[PDB]
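The chain below stands alone and is given as structure tokens, in the form deposited without the ligand.
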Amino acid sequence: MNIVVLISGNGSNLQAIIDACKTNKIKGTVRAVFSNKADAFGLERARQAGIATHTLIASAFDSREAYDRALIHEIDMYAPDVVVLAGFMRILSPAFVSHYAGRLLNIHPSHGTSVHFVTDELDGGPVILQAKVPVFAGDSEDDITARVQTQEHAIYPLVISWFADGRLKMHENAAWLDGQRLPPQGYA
């Protein structure tokens, strides 16, 4: 099970995925990490784990089209069974979304988190799993995030493990776990 992760920043979600794989909680291997931001910290986490990295800068190409074609060609050299977006800030082309249909995931910082199968250009599509984070009087916005971030590091690797296992699929713009079509709110 080949996993390719796309990032734009820090890479803390990427790290949680790397760790879940290292402990075999995810029956898969992160084969490469792609960044559209030069020197994103996540590239460093990938290097530290001995994973190949590639950076593609928009200003380095003639157009969005040229960029998207190069990104797809490069990702494809790694034969991904799953392409996971973890903080990848670029608006995707319909062609990219179509090319990875059924194997493109995204984690959404929305208080709660949710991971979806991406079926549109803004990283949207059917919800697979989501959780809620409670707030309390006294909570600092940086207390909220930390809780949310902790939550993301927990559910993304879990959802990816379902995929790596053959248990999770996308059909009719819906998510199916163990052959059961999940409801709009994901697995409950």
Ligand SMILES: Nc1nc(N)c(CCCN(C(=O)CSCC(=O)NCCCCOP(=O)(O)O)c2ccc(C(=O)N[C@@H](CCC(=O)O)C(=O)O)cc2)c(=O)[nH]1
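Note that residue numbering begins at 1 and tracks the sequence as displayed.
Asks: Please say, as none, 1 to 3, 4 to 9, or 10 or more, how many residues of the deposited sequence are without coordinates in the interval between residue 110 and residue 111.
Replies: 10 or more residues are missing.
Asks: Identify the stretch, either 41-49 or 135-143, whose C-alpha atoms have the larger mean B-factor according to the entry.
Replies: Result: 135-143.
Asks: On mean C-alpha B-factor from the PDB entry, just flag whether 86-94 or 111-119 is the higher one.
Replies: Between 86-94 and 111-119, it is 111-119.
Asks: Test of reading the entry: by CA B factor among the chain's modelled residues, which third contains residue 182?
Replies: CA B-factor rank for residue 182: middle third.
Asks: When the modelled residues of the chain are sorted by Cα temperature factor, does residue 169 land in the lowest, middle or highest third?
Replies: According to the entry, residue 169 has a C-alpha B-factor in the chain's lowest third.
Asks: Using only modelled residues of the chain, where does the Cα B factor of residue 154 rank: lowest third, middle third or highest third?
Replies: Answer is highest: the recorded C-alpha B-factor places it there.
Asks: Using the B-factor values recorded in the entry, state whether the Cα atom of residue 148 falls in the lowest, middle or highest third among the modelled residues of its chain.
Replies: For residue 148, whose C-alpha B-factor we compare with every modelled residue in the chain, the answer is the highest third.
Asks: Would you mind checking where the Cα B-factor of residue 36 ranks among the modelled residues of its chain, as the lowest, middle or highest third?
Replies: Residue 36: CA B-factor falls in the lowest third of its chain.
Below: the form deposited with the ligand bound, not depicted.
Asks: Counting 3 or more ligand atoms within 2.4 Å of any backbone or C-beta atom as blocked, would the ligand, superposed onto this chain from where it sits in the deposited bound form, find the site open or blocked?
Replies: The pocket is blocked.
Asks: Considering 47, 64, 147, 27, which brings a non-hydrogen atom within 4.5 Å of the ligand in the deposited bound form?
Replies: Selected residue: 64.
Asks: Whether residue 77 contacts the ligand in the deposited bound form should be assessed with a 4.5 Å heavy atom distance threshold; does it?
Replies: Contact check for residue 77: no, nothing within 4.5 Å of the ligand in the deposited bound form.
Asks: Classify residue 88 as contacting or not contacting the ligand in the deposited bound form by the rule of any non-hydrogen atom within 4.5 angstroms, answering yes or no.
Replies: Output for residue 88 is yes: heavy atoms within 4.5 Å of the ligand.
Asks: I'd like to know whether residue 71 contacts the ligand in the deposited bound form, with contact meaning heavy atoms within 4.5 angstroms.
Replies: It does not: once the ligand is placed as it appears in the deposited bound form, residue 71 has no heavy atom within 4.5 Å of it.
Asks: Please determine whether residue 92 contacts the ligand in the deposited bound form, using a 4.5 Å cut-off between heavy atoms.
Replies: Taking the distances in the deposited bound form, the answer for residue 92 is yes, it comes within 4.5 Å of the ligand.
Asks: Based on heavy atom distances of 4.5 Å or less, which listed stretch (27-35, 122-130, 135-143, 157-165) is in contact with the ligand in the deposited bound form?
Replies: Single hit among the candidates: 122-130.
Asks: Scan 93-115 and write down, in order along the chain, each residue with a heavy atom lying within 4.5 Å of the ligand in the deposited bound form.
Replies: Those in contact are 97, 106, 107, 108, 109.
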